[PDB]
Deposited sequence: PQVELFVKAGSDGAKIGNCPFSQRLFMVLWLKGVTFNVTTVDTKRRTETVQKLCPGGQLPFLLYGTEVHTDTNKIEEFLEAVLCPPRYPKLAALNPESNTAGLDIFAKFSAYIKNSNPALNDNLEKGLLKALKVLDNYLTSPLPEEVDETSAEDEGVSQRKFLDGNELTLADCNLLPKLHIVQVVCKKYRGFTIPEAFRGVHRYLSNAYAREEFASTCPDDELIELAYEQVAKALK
């Protein structure tokens, strides 16, 4: 059953654009081991064929055989279910908590980078740091095997596929527009990212820095 993921086209209208939802799904298909294609979509020049497949224009979406699936949480719940052992690994996390550690980081990041207000900047900065801190604590707090590279153990899971693309954007945009870096004293967070960038599943599905940045340029205002 041919699998095809349709994603955000970058600036030239051809290559892979900035979007943590497309990367997340790219990462899952990769981890699933299935054969699949990725097809970029310029939303300001949509092909005839895409309007037929996906009238609503939602992106990303998944052509599974003849079925169209929209909404990133659904597309992933669908893949995890239908691409399943023995032929394909189960990717879901075993600890419910892996699925929520850090979930708040992105929202605090967005609030922080969109803010033009100099007076609020230290609250927002500090908000982001505490959220990173909670993640750092979940990452160093031993999981129910004890006598670890990623959120839920030593294998990449759905939880990482969701969190990693968002973390990447956070790092890359905060560096560029705010001179902000994740403190080195979050060792748990920094081994996690070192381990993540060492895996091609994550490394190879990252949009280039220059694309991540360009996309947040209108939004990210100086103080």
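Undergrad: What are the missing stretches of the deposited sequence, listed from start to end?
TA: According to the deposited record, C-alpha coordinates are absent for 148-159, 236, which together make up the missing parts.
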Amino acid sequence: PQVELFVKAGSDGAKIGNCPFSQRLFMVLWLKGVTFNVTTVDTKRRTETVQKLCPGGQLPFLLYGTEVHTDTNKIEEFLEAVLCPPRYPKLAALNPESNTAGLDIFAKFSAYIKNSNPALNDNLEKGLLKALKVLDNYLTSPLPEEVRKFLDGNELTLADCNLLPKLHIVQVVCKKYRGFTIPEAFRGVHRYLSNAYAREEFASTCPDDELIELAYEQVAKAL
From here on, numbers count along this sequence of modelled residues.
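Undergrad: Tell me which of 209-217 and 9-17 has the higher mean C-alpha B-factor in the deposited entry.
TA: The entry gives the higher C-alpha B-factor average to 9-17.
Undergrad: Mind pulling up the entry and telling me whether 125-133 or 112-120 has the higher mean Cα temperature factor?
TA: Stretch with the greater average CA B-factor: 112-120.
Undergrad: Checking the entry, which one of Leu163, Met27, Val189, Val50 has the top C-alpha B factor?
TA: By C-alpha B-factor in the record, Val50 ranks first.
Undergrad: Among the chain's modelled residues, which third holds the C-alpha B-factor of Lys175?
TA: It falls in the top third of the chain.
Undergrad: In terms of the CA temperature factor given in the entry, to which third of its chain does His168 belong: lowest, middle or highest?
TA: For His168, whose C-alpha B-factor we compare with every modelled residue in the chain, the answer is the lowest third.
Undergrad: Within this chain's modelled residues, let me know which third the CA B factor of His69 belongs to: lowest, middle or highest.
TA: CA B-factor rank for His69: middle third.
Undergrad: Based on the deposited C-alpha B factors for this chain, I'd like to know if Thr43 is in the lowest, middle or highest third.
TA: CA B-factor rank for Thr43: highest third.
Undergrad: Lowest, middle or highest third: which one holds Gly33 when the chain's residues are ordered by CA B-factor from the entry?
TA: Its C-alpha B-factor, which the entry lists for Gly33, ranks in the lowest third among residues of this chain.
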